[PDB]
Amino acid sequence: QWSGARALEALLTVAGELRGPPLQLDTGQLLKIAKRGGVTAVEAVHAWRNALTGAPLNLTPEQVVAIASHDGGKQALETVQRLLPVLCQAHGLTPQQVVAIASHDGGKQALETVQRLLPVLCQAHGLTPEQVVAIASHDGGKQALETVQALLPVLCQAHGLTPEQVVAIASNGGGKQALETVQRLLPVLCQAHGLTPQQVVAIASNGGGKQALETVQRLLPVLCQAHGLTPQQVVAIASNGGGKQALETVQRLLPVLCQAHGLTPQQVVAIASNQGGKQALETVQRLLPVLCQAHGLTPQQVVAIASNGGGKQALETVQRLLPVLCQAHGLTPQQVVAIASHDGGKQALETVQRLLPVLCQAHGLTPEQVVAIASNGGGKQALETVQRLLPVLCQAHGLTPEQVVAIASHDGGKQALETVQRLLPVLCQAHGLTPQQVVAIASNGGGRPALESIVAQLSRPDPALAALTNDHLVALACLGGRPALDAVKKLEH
């Protein structure tokens, strides 16, 4: 018989119990732990169900699932209950920071290494705890911490990088590989091809940073003479997760796409310059003629859809959903293209298909409004949040549907909507801002942190901004959000 049978059975026996107190996990959360943390992780969560939930740690189930759903999850769980007090008392980290460090493959290694190396990293190397946490919060975080300790001096001194740059390089999966490749390849890339340190840092600062740097070195000559690419265009392609794959695919498919479809190299670069660019290119080669047939989508529209992260997913989803969204939902092809032309286009298309009739019939929005909500990165999240929160925001908080749609119609719209529902009362009743001002602050990208920064300043006033009135602070917060307040917070110093 199949050997995985006993184990699968054990998985299900134990999984059944976890639906009960004190954790109560759903099928989705249980699948997740099983898929990545495996069987021993599911058994571990059960074994330490009580010791984590409340006294004296007090971890939410969502947090227990986050620690458990990785390779070694069992080990991370044991280590968290051991090291979270140590790290919150002896180094002053928050439980959230400890959880974030724990929530990656080999989390036990990262936590123990942070416990070991944080003092030497802050004292002898002048890093902040936040920076130590960031470095540590990726797979192989133990390796990245140890490589930062060893290579920070030689990277700042012999190679001219700032600590911030070293931290940025180190704070991805395979950070150790990226750091080491930069030490070796920075003079080669700078002095042989005229790249700035900053361009090299940008290449190095993604997962697979090492792969992308080595690929830039190899392919930069062939890309710049033969295919007529600018060093600037090559750097942009390489400056993305899986840069190596995007680069190699650009060399392959640039002439093919240009000659056979009439795309410019500028358009090709834009398709290639996201995470999964490789996938976006190969999909365009296949799918463009299919999308463009019968006077359907123009090439230019296919390029736009292609030119975002997961462009492959967006392209395929349009091919599937263009007819059913146009015909049965009364959308123009142009509107479908608008919704698809953002990171997560696939998610957003699917969510419009599912929710357009609900939001229209049940909540009284127009299609135009639904499209406007959908037509940003994270459009799925914003649509789901408008569905959840429109009744409370309008009925309990006074807002018009028009104001809710405005808040929702930017990247982070979900975050903006949730924060408004959360902070509207204290902003208006405790400090006298008008609802229209709160809406105004929140109706920009970065709505959430702009609102948080404002609430911070009115509940624990920094003298640095006391010279500003509430209205001035509002105008500032609408002008440039949290960064503008923060800058002002300094300009005064």
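One rule holds for the numbers: they count along the sequence shown, beginning at 1.
*Asks:* Comparing average C-alpha B factors as deposited, tell me which of 165-173 and 114-122 sits higher.
*Replies:* On average, C-alpha B-factors are higher across 114-122.
*Asks:* Look over 356-364 and 129-137 in the entry and identify the one with the greater average Cα temperature factor.
*Replies:* In the deposited entry, the stretch with the higher C-alpha B-factor mean is 356-364.
*Asks:* Which is it among 142, 414, 91, 329: the one with the largest CA B-factor in the entry?
*Replies:* Max CA B-factor in the entry, restricted to 142, 414, 91, 329: 329.
*Asks:* Using the temperature factors in the entry, find which of 230, 403, 215, 109 has the highest value at its Cα atom.
*Replies:* 230 has the highest C-alpha B-factor of those listed.
*Asks:* Using the B-factor values recorded in the entry, state whether the Cα atom of residue 96 falls in the lowest, middle or highest third among the modelled residues of its chain.
*Replies:* Tercile = middle for this residue's CA B-factor.
*Asks:* Report the third (lowest, middle or highest) to which the CA temperature factor of residue 59 belongs, ranking only the modelled residues of the same chain.
*Replies:* Highest third of the chain for residue 59's C-alpha B-factor.
*Asks:* Would you check the entry's CA temperature factor for residue 70 and let me know if it's in the chain's lowest, middle or highest third?
*Replies:* Lowest third.
*Asks:* Ordered by C-alpha B-factor within the chain, which third holds residue 210? Give me lowest, middle or highest, please.
*Replies:* Within its chain, residue 210 is a lowest-third residue by C-alpha B-factor, going by the deposited values.
*Asks:* Comparing residue 373 with the other modelled residues of its chain, is its CA B-factor in the lowest, middle or highest third?
*Replies:* Lowest third, going by the recorded CA B-factors of the chain.
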